Amino acid sequence: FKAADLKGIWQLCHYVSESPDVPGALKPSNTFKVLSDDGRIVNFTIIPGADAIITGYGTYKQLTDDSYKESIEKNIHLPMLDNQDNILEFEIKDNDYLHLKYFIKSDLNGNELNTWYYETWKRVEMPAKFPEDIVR
Amino acid sequence: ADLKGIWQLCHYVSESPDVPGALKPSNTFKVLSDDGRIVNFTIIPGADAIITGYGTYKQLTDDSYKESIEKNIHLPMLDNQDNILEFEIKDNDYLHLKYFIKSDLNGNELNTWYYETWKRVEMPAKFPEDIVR
Amino acid sequence: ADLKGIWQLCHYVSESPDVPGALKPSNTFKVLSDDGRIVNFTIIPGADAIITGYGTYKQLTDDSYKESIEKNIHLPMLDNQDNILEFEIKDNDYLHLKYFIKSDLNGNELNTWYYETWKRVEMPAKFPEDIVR
Amino acid sequence: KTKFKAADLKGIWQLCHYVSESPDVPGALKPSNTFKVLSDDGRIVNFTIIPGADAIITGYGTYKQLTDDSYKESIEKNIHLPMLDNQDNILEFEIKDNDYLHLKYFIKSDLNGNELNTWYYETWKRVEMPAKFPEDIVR
């Protein structure tokens, strides 16, 4: 296969809605995934007005056209992935949205979970101009 | 009925557009004062919060109250009108409301029921550590 | 002075200790009602907002008002006390306050001035597009 | 002679700014909205989170440590400081207590040719993994 455009900085998004039945509108959130050029992965979450925190790190590698592996060293968000390979099924839609899914068999307590997790991330890009009235 | 207080609008948050969202507290507040005033306002992250509606209110029956709206920038068709809201407070903490809007701002037939869930804002026993005031 | 309203806590922020800063709105609100009630509350993103203090208030002079605090989880030393706040409203929108606490909860001498800056929450001309309520 | 024990530049750094409760009170150093990613493979990316909107990349390029107290950013594009586009910026630095990156750099002139001759100072804090994931946090 030819490498998908995974490398970059990705921003976690969620879907907000007025009813539980209507599909939500996409909104960018506080978590970032840095997929480096040398195969390193770092997840971190900003805490407004406080220190941001690293929540997971390791290495990554694309396996197929629609799957990549994160070889997680430590993950405080999902401790069951520590020293494990997590296979993420993915699709990049319109060059900017990374739609991923992964499966967790058992939780940190050892109980059967058998749950698929879904995430949407948006590629962080440089705009044409630096916006006025922004707090760096 | 225990309507007086500060209420926080809830919305539905999901990880995917296909998975049903979980009910979560959101950015909008309804202040139902002890002296019969109503104010709706919405916080805007990184900017000034905004008042979106105000007027007076009064409970009419066991399951209905009236908001006599002066101005409402969220729903301009309610300006200078009485809105009758059907309500139920479940478990002392959740205000479930429904109201009907006949027409939109242009006068076109809407005939839509709006449903809202608000959660009572309370004082907890202790001030939590590591929150940004 | 026009004390009545909803006030939003601000911080003064600069990129350097030498460059003059700017006021930036935060997560805390003070509701100074028309009937003399005061409520402080803080939004916690993704969780329930919390009431952190309440009581009554009354203007005393042109540049001072009193908060008769019943309970305050943020500042417990003000419980069942009158706090006299020196204030100035600059350009109708910014409430600059200062108050003095003589002693801590243990009765030890504190003799400390506390400063706060709040911005008046207003209704804008139009409801902005693409905000999350 | 312990230069191998020197603090790493590599990592994710968070820009600090000065915040107080009032303009009459001097601001305390606090973490802000801007991040510098100094990768293991010599890439630099500056980006700023914008509450309620998409975060934005504000500068990128490559970097390399030159001496014990200086490193170079070979900037491709920088929307925050456009005069650094396609230039090398030499940053004098010191890492204090492993966690604070104190840097300074000099800008001779702006894009318009206005002689500036100004030193810029920045403080960044190393972003780390805490022992436990905190409970009431928004991802």
# chains A, B, ... in the order shown; residues from 1 in each chain; ligands from 1
$ calpha_fit_rmsd --fixed "chain B" --moving "chain C"
1.7 Å
$ residues_around --residues "region 56-69 of chain D" --least-positions-apart "2" --cutoff "10 Å" --atoms "only C-alpha atoms" --output "mmCIF file with C-alpha atoms, in the first residue's frame"
data_model
loop_
_atom_site.group_PDB
_atom_site.id
_atom_site.type_symbol
_atom_site.label_atom_id
_atom_site.label_comp_id
_atom_site.auth_asym_id
_atom_site.auth_seq_id
_atom_site.Cartn_x
_atom_site.Cartn_y
_atom_site.Cartn_z
ATOM 1 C CA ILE A 9 -1.364 16.913 14.739
ATOM 2 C CA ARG A 123 -6.275 17.662 11.160
ATOM 3 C CA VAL A 124 -4.785 20.809 12.780
ATOM 4 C CA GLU A 125 -3.609 23.187 9.996
ATOM 5 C CA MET A 126 -2.032 26.597 9.570
ATOM 6 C CA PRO A 127 -4.635 29.196 8.465
ATOM 7 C CA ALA A 128 -3.799 31.997 5.952
ATOM 8 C CA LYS A 129 -3.581 34.723 8.660
ATOM 9 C CA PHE A 130 -2.941 34.814 12.425
ATOM 10 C CA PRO A 131 -6.340 35.806 13.976
ATOM 11 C CA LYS D 3 26.512 17.122 29.878
ATOM 12 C CA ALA D 6 21.415 17.865 30.696
ATOM 13 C CA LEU D 9 14.679 20.029 24.620
ATOM 14 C CA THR D 34 0.060 27.579 22.930
ATOM 15 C CA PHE D 35 2.176 24.489 22.487
ATOM 16 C CA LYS D 36 5.607 23.855 20.967
ATOM 17 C CA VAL D 37 6.226 20.282 19.812
ATOM 18 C CA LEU D 38 9.993 19.645 19.585
ATOM 19 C CA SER D 39 9.981 16.138 18.075
ATOM 20 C CA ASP D 41 13.335 13.669 14.649
ATOM 21 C CA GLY D 42 14.134 17.404 14.627
ATOM 22 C CA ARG D 43 10.738 18.946 13.690
ATOM 23 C CA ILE D 44 9.259 22.023 15.435
ATOM 24 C CA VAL D 45 5.548 22.910 15.382
ATOM 25 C CA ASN D 46 3.960 25.771 17.311
ATOM 26 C CA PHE D 47 0.159 25.612 17.643
ATOM 27 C CA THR D 48 -2.512 27.471 19.598
ATOM 28 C CA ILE D 49 -5.836 26.120 20.851
ATOM 29 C CA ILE D 50 -8.824 28.499 20.256
ATOM 30 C CA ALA D 53 -12.996 26.365 17.586
ATOM 31 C CA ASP D 54 -10.257 24.516 15.702
ATOM 32 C CA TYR D 71 19.237 25.993 19.590
ATOM 33 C CA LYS D 72 18.187 26.957 16.079
ATOM 34 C CA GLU D 73 14.680 26.898 14.589
ATOM 35 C CA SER D 74 14.848 26.813 10.766
ATOM 36 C CA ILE D 75 11.352 28.192 10.240
ATOM 37 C CA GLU D 76 9.477 27.448 7.025
ATOM 38 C CA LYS D 77 6.415 29.568 7.836
ATOM 39 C CA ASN D 78 5.341 31.486 10.968
ATOM 40 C CA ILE D 79 2.047 33.438 10.922
ATOM 41 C CA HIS D 80 2.714 34.787 14.431
ATOM 42 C CA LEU D 81 6.188 36.225 13.381
ATOM 43 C CA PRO D 82 6.229 36.426 9.490
ATOM 44 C CA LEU D 84 11.110 34.526 10.450
ATOM 45 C CA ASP D 85 9.752 32.829 7.259
ATOM 46 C CA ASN D 86 12.518 30.834 5.478
ATOM 47 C CA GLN D 87 15.046 32.034 8.156
ATOM 48 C CA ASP D 88 17.005 30.545 11.028
ATOM 49 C CA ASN D 89 16.042 31.924 14.444
ATOM 50 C CA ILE D 90 18.733 31.349 17.121
ATOM 51 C CA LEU D 91 17.134 30.860 20.498
ATOM 52 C CA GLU D 92 19.202 31.167 23.682
ATOM 53 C CA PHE D 93 17.778 28.818 26.260
ATOM 54 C CA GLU D 94 17.977 27.438 29.761
ATOM 55 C CA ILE D 95 15.912 24.546 31.200
ATOM 56 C CA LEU D 103 14.146 31.248 25.926
#
$ residues_around --residues "region 66-72 of chain A" --least-positions-apart "6" --cutoff "12 Å" --atoms "only C-alpha atoms" --output "ChimeraX atom specification"
/A:1-7,33-35,39-43,55-60,78-93,98-102
$ write_last_selection --atoms "N, CA and C atoms" --output "compact mmCIF listing (two decimals), in the first residue's frame"
# COMPACT_ATOMS: atom_id res chain seq x y z
N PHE A 1 0.82 -1.25 0.00
CA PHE A 1 0.00 0.00 0.00
C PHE A 1 0.84 1.28 0.00
N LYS A 2 0.24 2.38 -0.46
CA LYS A 2 0.86 3.72 -0.42
C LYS A 2 0.40 4.41 0.89
N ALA A 3 1.35 4.96 1.64
CA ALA A 3 1.06 5.57 2.95
C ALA A 3 -0.09 6.59 2.96
N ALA A 4 -1.10 6.38 3.82
CA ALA A 4 -2.17 7.37 4.08
C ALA A 4 -1.52 8.55 4.81
N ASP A 5 -2.16 9.72 4.74
CA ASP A 5 -1.62 10.96 5.31
C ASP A 5 -1.94 11.06 6.81
N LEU A 6 -1.42 10.11 7.58
CA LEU A 6 -1.64 10.05 9.04
C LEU A 6 -0.78 11.05 9.82
N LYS A 7 0.43 11.32 9.33
CA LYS A 7 1.38 12.20 10.01
C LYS A 7 0.80 13.59 10.21
N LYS A 33 -3.67 14.40 19.24
CA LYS A 33 -2.84 13.25 18.93
C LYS A 33 -1.75 13.73 17.99
N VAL A 34 -0.50 13.60 18.42
CA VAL A 34 0.66 13.95 17.60
C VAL A 34 1.19 12.65 17.01
N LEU A 35 1.09 12.52 15.69
CA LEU A 35 1.61 11.36 14.93
C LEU A 35 2.82 11.88 14.19
N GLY A 39 7.44 7.88 13.44
CA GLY A 39 6.64 6.81 14.02
C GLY A 39 6.31 6.86 15.50
N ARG A 40 6.34 8.04 16.13
CA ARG A 40 5.92 8.19 17.55
C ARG A 40 4.51 8.77 17.63
N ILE A 41 3.77 8.31 18.65
CA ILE A 41 2.42 8.77 18.95
C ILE A 41 2.40 9.31 20.37
N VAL A 42 1.82 10.50 20.53
CA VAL A 42 1.55 11.08 21.86
C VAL A 42 0.14 11.63 21.84
N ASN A 43 -0.66 11.25 22.85
CA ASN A 43 -1.97 11.84 23.09
C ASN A 43 -1.82 12.79 24.28
N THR A 55 -1.56 11.91 28.07
CA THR A 55 -2.43 10.80 28.50
C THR A 55 -2.06 9.45 27.91
N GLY A 56 -1.18 9.44 26.92
CA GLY A 56 -0.74 8.21 26.29
C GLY A 56 0.40 8.43 25.33
N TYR A 57 1.29 7.45 25.22
CA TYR A 57 2.38 7.52 24.26
C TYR A 57 2.91 6.16 23.87
N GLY A 58 3.64 6.16 22.76
CA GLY A 58 4.23 4.96 22.21
C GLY A 58 4.68 5.19 20.78
N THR A 59 4.60 4.14 19.98
CA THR A 59 4.92 4.20 18.56
C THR A 59 3.69 3.77 17.77
N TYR A 60 3.69 4.11 16.49
CA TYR A 60 2.60 3.73 15.59
C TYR A 60 3.14 3.35 14.22
N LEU A 78 -6.72 4.89 29.14
CA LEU A 78 -7.11 3.48 28.92
C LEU A 78 -5.96 2.54 29.38
N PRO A 79 -5.79 2.35 30.73
CA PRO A 79 -4.66 1.54 31.29
C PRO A 79 -4.55 0.09 30.79
N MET A 80 -5.66 -0.50 30.35
CA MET A 80 -5.64 -1.85 29.76
C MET A 80 -4.80 -1.96 28.47
N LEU A 81 -4.54 -0.83 27.79
CA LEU A 81 -3.67 -0.79 26.60
C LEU A 81 -2.16 -0.69 26.90
N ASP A 82 -1.76 -0.60 28.18
CA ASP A 82 -0.33 -0.48 28.56
C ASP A 82 0.47 -1.69 28.08
N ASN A 83 1.58 -1.43 27.39
CA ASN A 83 2.46 -2.47 26.81
C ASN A 83 1.74 -3.40 25.81
N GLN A 84 0.68 -2.89 25.16
CA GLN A 84 -0.11 -3.64 24.18
C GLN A 84 -0.15 -2.89 22.86
N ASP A 85 -0.47 -3.64 21.81
CA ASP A 85 -0.72 -3.09 20.49
C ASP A 85 -2.23 -2.91 20.41
N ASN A 86 -2.66 -1.72 19.97
CA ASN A 86 -4.07 -1.41 19.74
C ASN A 86 -4.17 -1.24 18.23
N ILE A 87 -5.04 -2.02 17.59
CA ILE A 87 -5.23 -1.94 16.15
C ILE A 87 -6.41 -1.01 15.94
N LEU A 88 -6.17 0.12 15.28
CA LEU A 88 -7.21 1.09 14.98
C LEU A 88 -7.60 1.02 13.51
N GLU A 89 -8.88 0.81 13.25
CA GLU A 89 -9.45 0.82 11.89
C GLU A 89 -9.69 2.26 11.61
N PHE A 90 -9.27 2.74 10.45
CA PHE A 90 -9.42 4.16 10.14
C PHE A 90 -9.80 4.46 8.72
N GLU A 91 -10.31 5.67 8.54
CA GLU A 91 -10.61 6.27 7.26
C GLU A 91 -10.38 7.79 7.40
N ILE A 92 -9.65 8.38 6.45
CA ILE A 92 -9.45 9.83 6.38
C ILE A 92 -10.46 10.30 5.33
N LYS A 93 -11.46 11.08 5.75
CA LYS A 93 -12.48 11.63 4.85
C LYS A 93 -12.15 13.08 4.53
N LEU A 98 -10.17 12.25 10.51
CA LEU A 98 -9.69 10.90 10.79
C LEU A 98 -10.77 10.23 11.63
N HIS A 99 -11.47 9.26 11.04
CA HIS A 99 -12.52 8.50 11.70
C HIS A 99 -11.89 7.18 12.09
N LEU A 100 -11.82 6.90 13.39
CA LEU A 100 -11.20 5.68 13.85
C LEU A 100 -12.12 4.86 14.77
N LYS A 101 -11.86 3.56 14.79
CA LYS A 101 -12.55 2.66 15.68
C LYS A 101 -11.59 1.59 16.17
N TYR A 102 -11.75 1.20 17.43
CA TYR A 102 -10.94 0.14 18.03
C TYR A 102 -11.78 -0.60 19.06
$ interface_residues --of "chain B" --to "chain C" --cutoff "9 Å" --atoms "only C-alpha atoms" --output "VMD selection string"
chain B and resid 6 8 to 11 24 to 28 31 33 to 35 37 41 to 53 73 to 74 119 to 127 131 to 133
$ write_last_selection --atoms "N, CA and C atoms" --output "short mmCIF file (atom, residue, chain, number, x, y, z; two decimals), in the first residue's frame"
data_model
loop_
_atom_site.label_atom_id
_atom_site.label_comp_id
_atom_site.auth_asym_id
_atom_site.auth_seq_id
_atom_site.Cartn_x
_atom_site.Cartn_y
_atom_site.Cartn_z
N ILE B 6 -31.41 28.37 39.96
CA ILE B 6 -30.59 28.47 38.77
C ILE B 6 -30.60 27.10 38.14
N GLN B 8 -29.53 24.59 34.70
CA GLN B 8 -28.51 24.41 33.66
C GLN B 8 -29.07 23.53 32.56
N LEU B 9 -29.09 24.05 31.34
CA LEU B 9 -29.59 23.30 30.18
C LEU B 9 -28.70 22.08 29.92
N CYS B 10 -29.35 20.96 29.63
CA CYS B 10 -28.63 19.74 29.24
C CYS B 10 -28.77 19.55 27.75
N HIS B 11 -27.78 18.89 27.15
CA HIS B 11 -27.78 18.54 25.71
C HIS B 11 -27.21 17.12 25.61
N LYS B 24 -25.75 15.47 29.01
CA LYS B 24 -24.69 16.20 29.71
C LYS B 24 -25.12 17.64 29.96
N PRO B 25 -24.65 18.24 31.06
CA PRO B 25 -24.92 19.65 31.29
C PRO B 25 -24.18 20.51 30.27
N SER B 26 -24.82 21.59 29.84
CA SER B 26 -24.28 22.43 28.78
C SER B 26 -23.93 23.85 29.24
N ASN B 27 -24.05 24.83 28.33
CA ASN B 27 -23.58 26.19 28.52
C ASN B 27 -24.61 27.24 28.85
N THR B 28 -25.87 26.85 28.98
CA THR B 28 -26.97 27.79 29.15
C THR B 28 -27.62 27.65 30.52
N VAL B 31 -32.17 31.59 35.14
CA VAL B 31 -32.29 32.10 36.51
C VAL B 31 -33.77 32.42 36.72
N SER B 33 -35.74 33.80 39.49
CA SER B 33 -35.54 34.51 40.74
C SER B 33 -36.72 34.39 41.71
N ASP B 34 -36.45 34.71 42.97
CA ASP B 34 -37.48 34.70 44.03
C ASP B 34 -38.55 35.77 43.81
N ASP B 35 -38.21 36.86 43.12
CA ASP B 35 -39.15 37.96 42.83
C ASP B 35 -39.84 37.88 41.45
N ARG B 37 -38.67 37.05 38.30
CA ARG B 37 -37.95 37.37 37.07
C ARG B 37 -37.31 36.12 36.48
N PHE B 41 -29.28 32.89 29.99
CA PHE B 41 -27.99 33.34 29.49
C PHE B 41 -27.09 32.16 29.14
N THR B 42 -26.18 32.38 28.18
CA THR B 42 -25.31 31.33 27.65
C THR B 42 -23.87 31.77 27.72
N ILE B 43 -23.04 30.90 28.28
CA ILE B 43 -21.59 31.17 28.37
C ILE B 43 -21.02 30.81 26.99
N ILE B 44 -20.03 31.56 26.52
CA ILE B 44 -19.36 31.32 25.22
C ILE B 44 -17.88 31.16 25.56
N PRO B 45 -17.34 29.91 25.50
CA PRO B 45 -15.92 29.70 25.83
C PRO B 45 -14.98 30.68 25.13
N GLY B 46 -14.10 31.31 25.90
CA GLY B 46 -13.14 32.28 25.39
C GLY B 46 -13.68 33.66 25.09
N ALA B 47 -14.95 33.92 25.40
CA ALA B 47 -15.58 35.20 25.13
C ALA B 47 -16.56 35.56 26.24
N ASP B 48 -17.23 36.70 26.07
CA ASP B 48 -18.25 37.13 27.02
C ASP B 48 -19.48 36.23 26.95
N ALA B 49 -20.03 35.88 28.12
CA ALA B 49 -21.33 35.21 28.19
C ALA B 49 -22.37 36.23 27.70
N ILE B 50 -23.51 35.75 27.24
CA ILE B 50 -24.57 36.62 26.71
C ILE B 50 -25.93 36.31 27.30
N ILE B 51 -26.69 37.36 27.65
CA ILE B 51 -28.08 37.22 28.02
C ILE B 51 -28.82 36.93 26.70
N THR B 52 -29.65 35.90 26.65
CA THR B 52 -30.40 35.54 25.43
C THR B 52 -31.91 35.73 25.55
N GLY B 53 -32.41 35.94 26.76
CA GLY B 53 -33.82 36.17 26.99
C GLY B 53 -34.13 36.62 28.40
N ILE B 73 -33.49 36.85 22.07
CA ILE B 73 -32.68 36.81 20.82
C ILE B 73 -32.54 35.40 20.26
N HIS B 74 -32.67 34.38 21.11
CA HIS B 74 -32.65 32.98 20.67
C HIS B 74 -33.94 32.65 19.89
N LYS B 119 -31.05 20.99 34.64
CA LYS B 119 -30.65 20.40 35.93
C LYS B 119 -30.42 21.53 36.93
N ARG B 120 -30.94 21.37 38.15
CA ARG B 120 -30.82 22.37 39.20
C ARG B 120 -29.37 22.54 39.60
N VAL B 121 -28.88 23.79 39.60
CA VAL B 121 -27.51 24.09 40.00
C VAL B 121 -27.55 24.20 41.54
N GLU B 122 -26.68 23.46 42.21
CA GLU B 122 -26.66 23.40 43.68
C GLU B 122 -25.28 23.73 44.22
N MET B 123 -25.24 23.98 45.54
CA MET B 123 -24.00 24.18 46.27
C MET B 123 -23.58 22.82 46.82
N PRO B 124 -22.42 22.31 46.40
CA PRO B 124 -21.96 21.06 46.95
C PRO B 124 -21.36 21.29 48.36
N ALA B 125 -21.10 20.21 49.06
CA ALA B 125 -20.58 20.27 50.43
C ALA B 125 -19.21 20.95 50.52
N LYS B 126 -18.37 20.72 49.51
CA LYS B 126 -17.02 21.27 49.47
C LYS B 126 -16.72 21.88 48.09
N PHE B 127 -15.85 22.89 48.09
CA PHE B 127 -15.39 23.51 46.86
C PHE B 127 -14.36 22.53 46.26
N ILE B 131 -10.27 23.42 39.93
CA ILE B 131 -11.26 24.00 38.98
C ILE B 131 -10.80 25.45 38.74
N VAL B 132 -11.07 25.93 37.54
CA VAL B 132 -10.73 27.29 37.11
C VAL B 132 -11.94 28.16 37.38
N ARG B 133 -11.80 29.17 38.24
CA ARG B 133 -12.89 30.12 38.49
C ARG B 133 -12.93 31.14 37.37
#
$ closest_residue --among "A:15, A:32, A:10, A:118" --to "chain C" --atoms "only C-alpha atoms"
A:15
$ closest_residue --among "A:110, A:28, A:20, A:8" --to "chain B" --atoms "only C-alpha atoms"
A:20
$ select_by_dssp --residues "region 46-75 of chain A" --states "strand (DSSP E)" --output "MDAnalysis selection string"
chainID A and resid 53:64 67:75
$ write_last_selection --atoms "C-alpha atoms" --output "compact mmCIF listing (two decimals), in the first residue's frame"
# COMPACT_ATOMS: atom_id res chain seq x y z
CA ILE A 53 -1.39 16.48 30.47
CA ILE A 54 0.13 13.67 28.37
CA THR A 55 -2.43 10.80 28.50
CA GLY A 56 -0.74 8.21 26.29
CA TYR A 57 2.38 7.52 24.26
CA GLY A 58 4.23 4.96 22.21
CA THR A 59 4.92 4.20 18.56
CA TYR A 60 2.60 3.73 15.59
CA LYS A 61 2.69 2.15 12.14
CA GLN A 62 0.19 1.83 9.29
CA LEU A 63 -0.63 -1.88 8.63
CA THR A 64 -3.13 -1.75 5.72
CA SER A 67 -5.74 0.08 9.69
CA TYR A 68 -2.85 1.30 11.82
CA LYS A 69 -1.30 0.05 15.04
CA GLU A 70 -0.46 2.05 18.18
CA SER A 71 2.13 0.15 20.29
CA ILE A 72 1.25 1.89 23.56
CA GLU A 73 3.86 2.10 26.31
CA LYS A 74 1.60 3.79 28.87
CA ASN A 75 -1.97 5.16 28.64
$ residues_around --residues "residue 61 (chain C)" --least-positions-apart "3" --cutoff "12 Å" --atoms "only C-alpha atoms" --output "ChimeraX atom specification"
/C:1,58,64-66,84-88
$ closest_residue --among "A:105, A:14, A:122, A:136" --to "chain D" --atoms "only C-alpha atoms"
A:136
$ interface_residues --of "chain D" --to "chain B" --cutoff "10 Å" --atoms "only C-alpha atoms" --output "list in words"
residues 50, 51, 52, 53, 134, 136 and 137 of chain D
$ interface_residues --of "chain A" --to "chain B" --cutoff "10 Å" --atoms "only C-alpha atoms" --output "PyMOL selection string"
chain A and resi 12-27+47-50+99-100+117-120+134-135
$ write_last_selection --atoms "N, CA, C and O atoms" --output "mmCIF file, in the first residue's frame"
data_model
loop_
_atom_site.group_PDB
_atom_site.id
_atom_site.type_symbol
_atom_site.label_atom_id
_atom_site.label_comp_id
_atom_site.auth_asym_id
_atom_site.auth_seq_id
_atom_site.Cartn_x
_atom_site.Cartn_y
_atom_site.Cartn_z
ATOM 1 N N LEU A 12 -9.198 15.981 18.678
ATOM 2 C CA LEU A 12 -10.380 15.169 18.957
ATOM 3 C C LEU A 12 -11.644 16.020 18.887
ATOM 4 O O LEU A 12 -11.676 17.131 19.392
ATOM 5 N N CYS A 13 -12.665 15.484 18.229
ATOM 6 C CA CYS A 13 -13.968 16.113 18.084
ATOM 7 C C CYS A 13 -15.059 15.256 18.703
ATOM 8 O O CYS A 13 -14.897 14.052 18.836
ATOM 9 N N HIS A 14 -16.171 15.892 19.051
ATOM 10 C CA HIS A 14 -17.359 15.207 19.548
ATOM 11 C C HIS A 14 -18.581 15.804 18.816
ATOM 12 O O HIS A 14 -18.483 16.791 18.063
ATOM 13 N N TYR A 15 -19.715 15.160 19.007
ATOM 14 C CA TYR A 15 -20.967 15.533 18.342
ATOM 15 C C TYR A 15 -21.956 15.998 19.379
ATOM 16 O O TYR A 15 -22.253 15.244 20.312
ATOM 17 N N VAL A 16 -22.446 17.231 19.219
ATOM 18 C CA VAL A 16 -23.392 17.839 20.173
ATOM 19 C C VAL A 16 -24.758 18.001 19.508
ATOM 20 O O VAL A 16 -24.828 18.487 18.382
ATOM 21 N N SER A 17 -25.813 17.611 20.225
ATOM 22 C CA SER A 17 -27.176 17.634 19.731
ATOM 23 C C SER A 17 -28.186 18.069 20.782
ATOM 24 O O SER A 17 -27.977 17.863 21.968
ATOM 25 N N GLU A 18 -29.308 18.606 20.312
ATOM 26 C CA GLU A 18 -30.419 19.014 21.186
ATOM 27 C C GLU A 18 -31.328 17.854 21.604
ATOM 28 O O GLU A 18 -32.089 18.013 22.545
ATOM 29 N N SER A 19 -31.237 16.701 20.934
ATOM 30 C CA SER A 19 -32.052 15.515 21.231
ATOM 31 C C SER A 19 -31.173 14.260 21.112
ATOM 32 O O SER A 19 -30.208 14.267 20.331
ATOM 33 N N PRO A 20 -31.484 13.178 21.877
ATOM 34 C CA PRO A 20 -30.647 11.963 21.741
ATOM 35 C C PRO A 20 -30.799 11.221 20.397
ATOM 36 O O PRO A 20 -29.938 10.411 20.078
ATOM 37 N N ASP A 21 -31.864 11.523 19.638
ATOM 38 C CA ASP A 21 -32.167 10.889 18.345
ATOM 39 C C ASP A 21 -31.614 11.621 17.121
ATOM 40 O O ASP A 21 -31.411 10.977 16.098
ATOM 41 N N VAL A 22 -31.385 12.937 17.208
ATOM 42 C CA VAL A 22 -30.872 13.726 16.074
ATOM 43 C C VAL A 22 -29.333 13.650 16.057
ATOM 44 O O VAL A 22 -28.717 13.856 17.102
ATOM 45 N N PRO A 23 -28.707 13.333 14.888
ATOM 46 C CA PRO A 23 -27.230 13.342 14.821
ATOM 47 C C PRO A 23 -26.666 14.719 15.167
ATOM 48 O O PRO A 23 -27.209 15.740 14.728
ATOM 49 N N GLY A 24 -25.623 14.741 15.986
ATOM 50 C CA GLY A 24 -25.046 15.995 16.454
ATOM 51 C C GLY A 24 -24.166 16.705 15.459
ATOM 52 O O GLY A 24 -23.769 16.116 14.462
ATOM 53 N N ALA A 25 -23.867 17.971 15.749
ATOM 54 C CA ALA A 25 -22.950 18.776 14.957
ATOM 55 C C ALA A 25 -21.560 18.552 15.538
ATOM 56 O O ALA A 25 -21.400 18.459 16.762
ATOM 57 N N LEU A 26 -20.560 18.489 14.655
ATOM 58 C CA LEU A 26 -19.175 18.230 15.028
ATOM 59 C C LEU A 26 -18.588 19.433 15.716
ATOM 60 O O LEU A 26 -18.685 20.524 15.183
ATOM 61 N N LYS A 27 -17.964 19.223 16.873
ATOM 62 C CA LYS A 27 -17.306 20.289 17.624
ATOM 63 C C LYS A 27 -15.905 19.836 18.069
ATOM 64 O O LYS A 27 -15.755 18.727 18.589
ATOM 65 N N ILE A 47 -6.156 21.336 29.728
ATOM 66 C CA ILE A 47 -7.078 21.565 30.851
ATOM 67 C C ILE A 47 -7.098 23.100 30.953
ATOM 68 O O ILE A 47 -6.142 23.655 31.476
ATOM 69 N N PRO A 48 -8.146 23.783 30.414
ATOM 70 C CA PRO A 48 -8.163 25.260 30.375
ATOM 71 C C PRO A 48 -7.803 25.927 31.703
ATOM 72 O O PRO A 48 -8.346 25.551 32.734
ATOM 73 N N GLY A 49 -6.821 26.828 31.661
ATOM 74 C CA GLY A 49 -6.308 27.525 32.848
ATOM 75 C C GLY A 49 -5.376 26.731 33.754
ATOM 76 O O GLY A 49 -4.966 27.242 34.788
ATOM 77 N N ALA A 50 -5.042 25.496 33.378
ATOM 78 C CA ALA A 50 -4.149 24.606 34.138
ATOM 79 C C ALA A 50 -3.168 23.924 33.165
ATOM 80 O O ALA A 50 -3.206 24.192 31.961
ATOM 81 N N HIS A 99 -11.467 9.262 11.038
ATOM 82 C CA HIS A 99 -12.522 8.503 11.704
ATOM 83 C C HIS A 99 -11.890 7.184 12.086
ATOM 84 O O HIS A 99 -11.449 6.456 11.199
ATOM 85 N N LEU A 100 -11.817 6.899 13.388
ATOM 86 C CA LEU A 100 -11.195 5.677 13.855
ATOM 87 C C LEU A 100 -12.121 4.861 14.768
ATOM 88 O O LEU A 100 -13.085 5.373 15.362
ATOM 89 N N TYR A 117 -14.970 1.356 20.339
ATOM 90 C CA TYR A 117 -14.839 2.796 20.662
ATOM 91 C C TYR A 117 -14.676 3.507 19.341
ATOM 92 O O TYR A 117 -13.944 3.023 18.493
ATOM 93 N N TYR A 118 -15.374 4.625 19.163
ATOM 94 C CA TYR A 118 -15.338 5.404 17.928
ATOM 95 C C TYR A 118 -14.814 6.791 18.253
ATOM 96 O O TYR A 118 -15.182 7.358 19.282
ATOM 97 N N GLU A 119 -13.956 7.317 17.383
ATOM 98 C CA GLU A 119 -13.409 8.658 17.525
ATOM 99 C C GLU A 119 -13.342 9.354 16.177
ATOM 100 O O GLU A 119 -13.138 8.710 15.145
ATOM 101 N N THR A 120 -13.526 10.668 16.204
ATOM 102 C CA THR A 120 -13.348 11.535 15.045
ATOM 103 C C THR A 120 -12.335 12.584 15.465
ATOM 104 O O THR A 120 -12.514 13.224 16.497
ATOM 105 N N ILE A 134 -6.577 36.950 19.853
ATOM 106 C CA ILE A 134 -6.389 35.562 20.310
ATOM 107 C C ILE A 134 -5.436 35.609 21.499
ATOM 108 O O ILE A 134 -4.516 36.418 21.490
ATOM 109 N N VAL A 135 -5.665 34.745 22.493
ATOM 110 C CA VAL A 135 -4.797 34.606 23.676
ATOM 111 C C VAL A 135 -3.850 33.432 23.400
ATOM 112 O O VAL A 135 -4.302 32.298 23.309
#
$ atom_distance --atom1 "CA of residue 111 (chain D)" --atom2 "CA of residue 83 (chain D)"
5.1 Å
$ closest_residue --among "D:108, D:17, D:96, D:102" --to "chain A" --atoms "only C-alpha atoms"
D:17
$ closest_residue --among "B:102, B:4, B:30, B:90" --to "residue 59 (chain B)" --atoms "only C-alpha atoms"
B:4
$ atom_distance --atom1 "CA of residue 120 (chain D)" --atom2 "CA of residue 25 (chain D)"
23.2 Å
$ atom_distance --atom1 "CA of residue 70 (chain C)" --atom2 "CA of residue 105 (chain C)"
15.3 Å
$ closest_residue --among "D:12, D:113, D:70, D:33" --to "chain A" --atoms "only C-alpha atoms"
D:33
